[PDB]
Structure formats: C-alpha cells, structure tokens
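Summary of the model geometry
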Amino acid sequence: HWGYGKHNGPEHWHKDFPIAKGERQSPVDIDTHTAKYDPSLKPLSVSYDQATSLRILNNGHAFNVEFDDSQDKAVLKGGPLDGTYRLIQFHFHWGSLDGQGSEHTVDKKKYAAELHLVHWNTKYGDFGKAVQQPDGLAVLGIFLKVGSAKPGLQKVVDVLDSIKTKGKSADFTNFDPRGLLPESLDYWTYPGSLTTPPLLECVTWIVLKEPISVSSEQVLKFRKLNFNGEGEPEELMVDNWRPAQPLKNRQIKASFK
Ligand SMILES: NS(=O)(=O)c1ccc(C(=O)O)cc1
Ligand SMILES: NS(=O)(=O)c1ccc(C(=O)O)cc1
Ligand SMILES: OC[C@H]1O[C@@H](O)[C@H](O)[C@@H](O)[C@@H]1O
Ligand SMILES: [Zn+2]
C-alpha cells in the first residue's frame, strides 16, 4: 500500500496513480521573488466561528480532525475562490527532525511541519463530487516552525496518546480551529492537487506566508504516533510529506504587494 517508506513512498506512487506525473501536482516550491502580486484577488474570508469538530482519526498516514460539513458552518471564501468552500477536515505533515516536514517550501526552505485545512466547494454538493472537479477543493496551508508553544494546538497534542496506531479514533468535539491560525492572512495561491494518493488535480492552494510557532514538545508528540496498527511492529509516523513537484505551466500569485 502507498506510504512514505523506501519501497512505497512518493517515488513509487505513479505506478498506481499515474497522475502523480501530471501537469498540476502539489506541493511545489514557492519562489517568492517570481510570485506576483495579483490585484484581482478579493479579500480572503476564513469564517470558522461556528465550526463543529467531531472526531480525530489516525488513518495510517496522518491524523485527521474531522468536522460536520452538513451545513455551512466553518467556511472559506474570497481570495482566489468563486463561491463557498466548507471545512471537512484538517491534518498535518511533519518530519523526523525540525529541519524538514513541510510539503510546500519557500525559496527551497523546509519548515518543521505544515497544516492543511481541507475544504470543498458547496456548488458540487458533496466532497466526492467535488474531487471530480477542477475547482472542487480549497486547501489552506499553514507552515509550522519550532519556537514558542501554540496554545490552541495543545488540545490536539494531548489527545494523540489515545490514537497512537492506525485505525484508532477519539471524540474531538468543541475544538476551535481559529487557534491554529497566524496573525496575518497574507498568502500565495496556485492550482494544484491532493498531496497524497489519489493525487487528484482538484485543489486551489492557499498557502499563508506567516508560519505559526509550535514548541519542540508539541511537534515531538506528533512524532510519537505510529503508521502501523495496534500489535504490529512500531513504525513512527514521521516524514509523512511529499517533496515539491514540477511547477509546469503554472504561476504562483501573491495576495500582498
Ligand atoms: N504505487 S504505491 O501505491 O505507492 C505502492 C508501492 C508499493 C507497493 C508494495 O510494495 O506492495 C504497493 C503500492
Ligand atoms: N494533503 S492534502 O492535499 O491536503 C489532501 C486532502 C485530502 C485528501 C483526501 O481526501 O484523499 C488527500 C490529500
Ligand atoms: O500577458 C501579460 C500577463 O502575463 C501573465 O502570465 C501574468 O499572469 C499577468 O499578470 C500578465 O498581465
Ligand atoms: Zn495534507
């Protein structure tokens, strides 16, 4: 099965998912000097006040915090987006050490981790239909660097001991994702893909320029999770990131002058 190891990692995914070599794959390196300010971008609206988190799941590749997306509650609008995109889940990608872990890079810089807030375009009715559309998804990506602790992350950190292995889940109600944002909403945007199989080319990426700081202790707890299921040999869940892919016929636009 696909994963991140030597025998099943990103360099193998194309055999079973040939779109891995496609024309709008993610992540990419963000060359900050070539990215151009785009005055046509409308103000970005991250509206998470009525979010309803439900559950946290170790799916064997990351952990997902899942949300009720049966009505417009936590939504993302504006910026490059046409219409309303509902939050369905967030997850992270992270490294074995602080010097790697992000999927996107900034002038080739790798951050310690990267948060993905995943949203689907309500015009398509359900997530499954949305991933049949070029504009079906919007992922808000936020870099993590190691420094001071992120208080709004601690509830996530503290539940991880209860979902150590693949297939375990736990209640995760009343979690407010606004506590994971940075101060500034300055961003870069480009058209891309899911960064894990099935690698579908459905995503408008919105990558915030300002990282959040998390403490070493917080990210160290991410790295105690397991890729494996209960009773199987322990394989620490680390380095669950795809490297940057070819930019091909794309431009990265900036929201800021
Ligand atoms: N293309 S892939 O889904 O990454 C993949 C890689 C390896 C194996 C395997 O060793 O069994 C199966 C699938
Ligand atoms: N890492 S990511 O590009 O945000 C992502 C989000 C969702 C899915 C999925 O539902 O399969 C895959 C990848
Ligand atoms: O033809 C000029 C145009 O080229 C495009 O590649 C750029 O995205 C635009 O910002 C520019 O105005
Ligand atoms: Zn992701």
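Residues numbered from 1 in each chain as written, not as in the entry; some residues may be left out. Chains lettered and ligands numbered in written order. Heavy atoms only, no water. Residues with missing side-chain atoms left out of burial classes, pairs and counts.

If you check the header, you'll see the entry was determined by X-ray crystallography and the resolution is listed as 0.969 Å.

Around a metal, the idealised angle for a tetrahedral arrangement of four donor atoms is 109.5 degrees; for an octahedral arrangement of six donor atoms it is 90 or 180 degrees. At this site the zinc ion (ligand 4) is bound by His91 (NE2), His93 (NE2) and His116 (ND1), with donor distances of 2.0 to 2.1 Å. Its 4 donor atoms give the zinc ion (ligand 4) angles of 100 to 116 degrees at the centre, a pattern that matches the tetrahedral case. Linear spacing of the donor residues for the zinc ion (ligand 4) on their chain is H-x1-H-x22-H. Each member of the pair, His91 as well as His93, is classed as buried. (Donors = N, O, S within 2.8 Å, 3.2 Å for Na, K, Ca; no water. Tetrahedral: all angles 85-135°; square planar, octahedral: opposite > 155°, others 65-115°. Buried < 20%, exposed > 50% of the residue type's maximum accessible area, 1.4 Å probe, protein only.)

Right, let's get into the layout of surface pockets. By volume, the largest pocket amounts to about 370 Å³. Considering the residues around the largest pocket, the lining is formed by 20 residues, among which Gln89, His91, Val118, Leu194 and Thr196 are closest to the centre. Take the lining of the largest pocket: its biggest share by element is 4 residues, from strand 7 (residues 85-94). In terms of residue class, the lining of the largest pocket is made up of 11 nonpolar, 9 polar and no charged. (1 Å grid on protein atoms, 1.4 Å probe; cavity = no way out; pocket = protein on both sides within 12 Å on 5 of 7 lines; lining within 4 Å. Points joined across faces, edges and corners; volume = space filled by probe spheres on them. Helix = DSSP H or I, 4+ residues; strand = E, 2+ residues; numbered from the N terminus. Nonpolar A, V, L, I, M, F, W, Y, C, P; charged D, E, K, R; others polar.)

Within this structure's numbering, the places UniProt gives as "active site" are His61. Mapped onto the elements, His61 comes out in the loop between strand 4 (53-58) and strand 5 (63-67). Not counting chain neighbours up to four residues away, the residues in contact with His61 comprise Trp2, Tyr4, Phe227, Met237 and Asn240. (UniProt positions renumbered as here; feature names shortened; annotations may be inferred. Contact = heavy atoms within 4.5 Å.)

Residues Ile56, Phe63, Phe90, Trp94 and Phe222 are the most contacted members of the largest nonpolar core, which totals 49 residues. When contributions to this core are tallied by element, the ones reaching two or more residues are strand 5, strand 7, strand 9 (113-121), strand 10 (137-146), helix 2 (154-159), strand 13 (203-208), strand 14 (212-214) and helix 3 (216-222). For this core, the element with the highest residue contribution is strand 7, accounting for 5 residues. Setting aside residues no more than four positions away along its own chain, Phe90 makes contact with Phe63, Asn64, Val65, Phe67, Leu115, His116, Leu117, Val156, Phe175, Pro177 and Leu180. One finds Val106, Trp120, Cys202 and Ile252 within the second-largest nonpolar core, a separate group that totals 22 residues. (Core = buried A, V, L, I, M, F, W, Y, C linked by side-chain atoms within 4.5 Å.)

Before going further, it helps to examine the packing of aromatic side chains. Summed over all chains, the structure comprises 15 aromatic pairs. A centroid spacing of 5.6 Å and a plane angle of 45 degrees characterise the contact between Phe63 and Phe92, whose relative ring orientation is tilted. Remark: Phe92 occurs in strand 7 and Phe63 occurs in strand 5; sequence separation between them is 29 residues. Just as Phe63 is buried, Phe92 falls in that class too. Here the aromatic residues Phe63, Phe67, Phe90, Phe92, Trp94, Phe172, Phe175 and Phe222 are joined through ring pairs into a cluster of three or more. Over the ring of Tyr111 we find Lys109, and its NZ or CZ is 4.9 Å from the ring centre. Across from the ring centre of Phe256, 5.8 Å away, lies the NZ or CZ of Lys209, which sits over that ring. (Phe/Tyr/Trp six-rings, centres within 6.5 Å; stacked < 30°, edge-to-face > 60°. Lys NZ or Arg CZ within 6 Å of the ring centre and 35° of its normal.)

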